[PDB]
Trainee: 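Pasting in a structure now, in structure tokens, and then I'll have a few things to ask.
The figures that follow rest on heavy atoms only: side chains count, while hydrogens, waters and symmetry mates do not. Order of listing sets the numbers, starting from 1, for every ligand and every atom in it. A, B, ... follow the sequence lines: proteins, then strands. Residue 1 opens every chain.
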Amino acid sequence: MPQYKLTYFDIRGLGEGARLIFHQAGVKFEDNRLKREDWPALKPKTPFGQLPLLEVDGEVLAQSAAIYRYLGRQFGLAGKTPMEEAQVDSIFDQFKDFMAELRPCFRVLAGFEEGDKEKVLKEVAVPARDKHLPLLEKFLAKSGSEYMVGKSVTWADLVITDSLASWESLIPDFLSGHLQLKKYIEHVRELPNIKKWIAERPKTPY
Amino acid sequence: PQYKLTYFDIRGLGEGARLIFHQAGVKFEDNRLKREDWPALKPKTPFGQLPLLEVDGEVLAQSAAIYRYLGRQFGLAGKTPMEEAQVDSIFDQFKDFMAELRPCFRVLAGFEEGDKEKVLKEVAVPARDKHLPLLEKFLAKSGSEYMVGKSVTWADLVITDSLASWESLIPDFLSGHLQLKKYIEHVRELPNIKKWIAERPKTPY
Ligand SMILES: N[C@@H](CCC(=O)N[C@@H](CS)C(=O)NCC(=O)O)C(=O)O
Ligand SMILES: N[C@@H](CCC(=O)N[C@@H](CS)C(=O)NCC(=O)O)C(=O)O
């Protein structure tokens, strides 16, 4: 019977991954969404000067992926064997590589930063998309099941599909050409607890 | 359990796995691949990249996933679920640091054209000044000589090895951080590590 507090900004972003993992498992936690007002005071008190942070009975854990994995293993959403857990880690790291291409160009694409959206799409987004999506889809085809690894949902599934779904809003036809991913995203987000959470969670830009 | 690590001749991302094996005294095929063989292998890999670890025939990709898998197998991952997550956390912070530098490696090394001085002042030195204190802070809270717990973990082995390599490419890379240097020495003092460091193929990186 452990007590959980997640500290992140109002947006979904990196924090949403943890939230999704809680709601899937049906585990209650404090969704501490932090006001911009309070960030300057908290920042120097954090391990690395950033959020998200997970508090577990007082103890602090930083870095989102470490948070995802910790929650995943605690809730049996990490894989049924040691090699499976690794395969889960593996596919998410590849997703992380993909994100490493896109995220630095997010704000120009969202319009928050001055720049040539059309250029970025052709010179950064669409090439990244074209390289990485086939690799995620290939991996997904190993399984034959509806998930990247195993016959049931894992934490990597929850975080990946949510992020891809959101990026579909910034980039038209982002998933066009990859229906196996489109189904995969449709499936995970139709899971009852996820489906519920998506309906109730705050509407934020990203 | 037959262990086979596939990577290129250089240390790079593959070295992390090698260090974890040697520290645990576990035997493995250190398969270092010729450039000549990369075009044929690449399409037959999960993500088109190395390193790969295969154990009894099954292939595992992505270096960090390889580090953690091996570390957990050899009791080098942490002593509790929270300690394990903490090992992941400090290493993820370390990857963020590397994410700043690694894209600038080839210019700093001279494999690609560019102003080395400008890169140092505008990217390398800033990245260093932001991140080293964070690593040093995390190490300082530990009390022990390692990032987490009282014994060495896979994150210690990969971090210290990587930090040691970057001394070369960045002037005074660890100048104002006596704690980090001592920690790098200590982890690399460990018998199996000191041994492997001496035996391993002399590559620059
Ligand atoms: N590698 C970190 C990245 C965390 C991160 O970049 N957080 C941003 C928000 S997405 C942040 O805290 N910005 C405020 C700041 O850095 O001062 C992780 O995965 O958790
Ligand atoms: N995210 C991957 C990165 C692996 C990677 O970038 N490998 C490079 C060498 S360091 C490679 O395979 N280059 C050959 C190629 O991609 O075709 C990991 O951590 O394992």
Trainee: Near ligand 1, which residues have a heavy atom under 4.0 Å away from one of its atoms?
Mentor: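 Residue list for ligand 1: A:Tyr8, A:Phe9, A:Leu14, A:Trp39, A:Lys43, A:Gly49, A:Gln50, A:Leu51, A:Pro52, A:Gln63, A:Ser64, B:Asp96.
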Trainee: With a 6.0 Å cut-off on the ring centroids, do B:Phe91 and B:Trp154 count as close?
Mentor: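 B:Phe91 vs B:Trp154: aromatic centres under 6.0 Å.
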Trainee: When you measure from the side chain of A:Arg12 to the backbone of A:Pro202, do you find a donor-acceptor pair of N or O atoms at a distance under 3.5 Å?
Mentor: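 Pair absent, no side-chain N/O of A:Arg12 close to backbone of A:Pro202.
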Trainee: When A:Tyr8 is tested against each of A:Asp31, A:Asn32, A:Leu14 for side chain to side chain contact (heavy atoms under 4.5 Å, CB included), which residue passes?
Mentor: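 Result: among A:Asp31, A:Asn32, A:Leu14, A:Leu14 is the only option passing the side chain to side chain contact (heavy atoms under 4.5 Å, CB included) with A:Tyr8.
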Trainee: Scan residues 68-77 of chain B for pairs that pass salt bridge (charged side-chain N to carboxylate O under 4.0 Å, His left out), counting only residues two or more places apart or in two chains.
Mentor: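 Listed once each, the pairs are A:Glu85-B:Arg72, A:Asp89-B:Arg68, B:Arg68-B:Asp88.
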Trainee: Could I get the full list of side chain to side chain contact (heavy atoms under 4.5 Å, CB included) partners for B:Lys44, not counting sequence neighbours?
Mentor: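 Expected list: none.
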Trainee: For B:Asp161, enumerate each residue passing the side chain to side chain donor-acceptor pair (under 3.5 Å) test, keeping only those at least two apart in sequence or located in another chain.
Mentor: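 Once residues adjacent in sequence are excluded, the partners of B:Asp161 under the side chain to side chain donor-acceptor pair (under 3.5 Å) criterion are B:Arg200.
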